[PDB]
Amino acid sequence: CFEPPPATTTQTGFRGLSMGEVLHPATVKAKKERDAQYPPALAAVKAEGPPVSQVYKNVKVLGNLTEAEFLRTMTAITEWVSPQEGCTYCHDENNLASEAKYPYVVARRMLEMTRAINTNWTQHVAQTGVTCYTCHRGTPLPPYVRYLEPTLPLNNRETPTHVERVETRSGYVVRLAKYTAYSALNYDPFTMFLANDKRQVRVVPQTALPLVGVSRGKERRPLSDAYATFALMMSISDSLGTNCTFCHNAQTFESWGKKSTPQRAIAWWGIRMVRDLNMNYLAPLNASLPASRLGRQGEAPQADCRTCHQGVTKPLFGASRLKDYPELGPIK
């Protein structure tokens, strides 16, 4: 029913505004132990040698690396993605160059995707960077994915109840509530705002008075839109494990300048970054995935904020492997 003191608090606004994070220390810690499991970088290896595009038969992405450096990417990948299952999870045991198993072709496209995040999205991912581990965390199917409908639990390593199950229609709202930080906001903000770029997140007018020709009748955005933007933010809030004052001044949610924090702009680039992975990199993988992996509309699992953040403002608390594995970007 409750959480014992002390409580960790910070300040994101001018003294006396009540803007800042409130963190339970015994949760803060629980998160660190989990994210500390991040395997350390494999020691740097011999630079000289021929490129693997010459050496090997089927290398369409990591050609420019010398064999020694190539195999270090192949161990690391297996650590992050499929350690329990080893190299054979992707590869034909007799033929490494073969694309028999579907996690190979998918890994290739992933491999490109990872280089794209670290090269074309530093406005969000900064110098911290993303690896295969940020989403996978030691398993081929990541813990936090998203289909074209809600699903429980949010962590797909825990056994769902019959009502939690997507076939069972009765649990629907409860599936929808736990994505919205337990709200009764009757809207699905992933499939609305993150699965593509067809919708606009801002609803508040930017003028005192109503602009003629859009402030009556069928020319208006229904109130529903407001509900939905709030829905998405409750999920952003819950995804990162923080609250609205970490990015807004509640006085005026619509206003930037002094009324927002640098984290909000960073939050803004996340939206465009998550949109750019779902459409162009993740959704189309339904042609490369077996049906056991697809949703009830044939969709491939896609990512939200939580996929990388898993309850923390920085994924793995700003853990970086950017310099250790440069082959994963940023690409000149």
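The term rigid core refers to the most C-alpha atoms you can superpose between the two forms while keeping them within 1.5 Å. The first residue of the sequence shown is number 1, and the count goes up from there.
Exercise for the section: With the rigid core held as the alignment frame, decide whether 60-68 or 43-51 lies farther from the shown form in 8 other deposited structures of this protein, in terms of RMS C-alpha distance. Expected result: Once the core is superposed, the stretch further away in 8 other deposited structures of this protein is 43-51.
Exercise for the section: Select between 297-305 and 42-50 the stretch whose C-alpha atoms have the higher average B-factor in the entry. Expected result: Per the deposited B-factors, the answer is 42-50.
Handout entry: Between the two ranges 33-41 and 276-284, the one averaging a larger CA B factor in the entry
Key = Comparing averages over the C-alpha atoms only gives 33-41.
Practice task
Among the candidates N95, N243, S224, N118, give the one with the maximum CA B-factor reported in the record.
Solution key: Highest C-alpha B-factor among the listed options: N95.
Problem - Of the residues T159, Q251, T134, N186, the one carrying the largest Cα B-factor as recorded - result: Out of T159, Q251, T134, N186, the record gives the largest C-alpha B-factor to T159.
Problem - Among modelled residues of the same chain, the CA temperature factor third for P150 - result: Middle third.
Exercise for the section: Using the B-factors in the PDB entry, rank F190's C-alpha atom against the chain and give the third, lowest, middle or highest. Expected result: Within its chain, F190 is a lowest-third residue by C-alpha B-factor, going by the deposited values.
Practice task
Within this chain's modelled residues, let me know which third the CA B factor of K259 belongs to: lowest, middle or highest.
Solution key: For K259, whose C-alpha B-factor we compare with every modelled residue in the chain, the answer is the lowest third.
Practice task
Taking the chain's C-alpha temperature factors as the reference, tell me which third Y104 falls into: lowest, middle or highest.
Solution key: For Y104, whose C-alpha B-factor we compare with every modelled residue in the chain, the answer is the middle third.
Handout entry: Entry-reported Cα temperature factor of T139, expressed as the chain third it lands in
Key = It belongs to the lowest third of the chain when residues are ordered by C-alpha B-factor.
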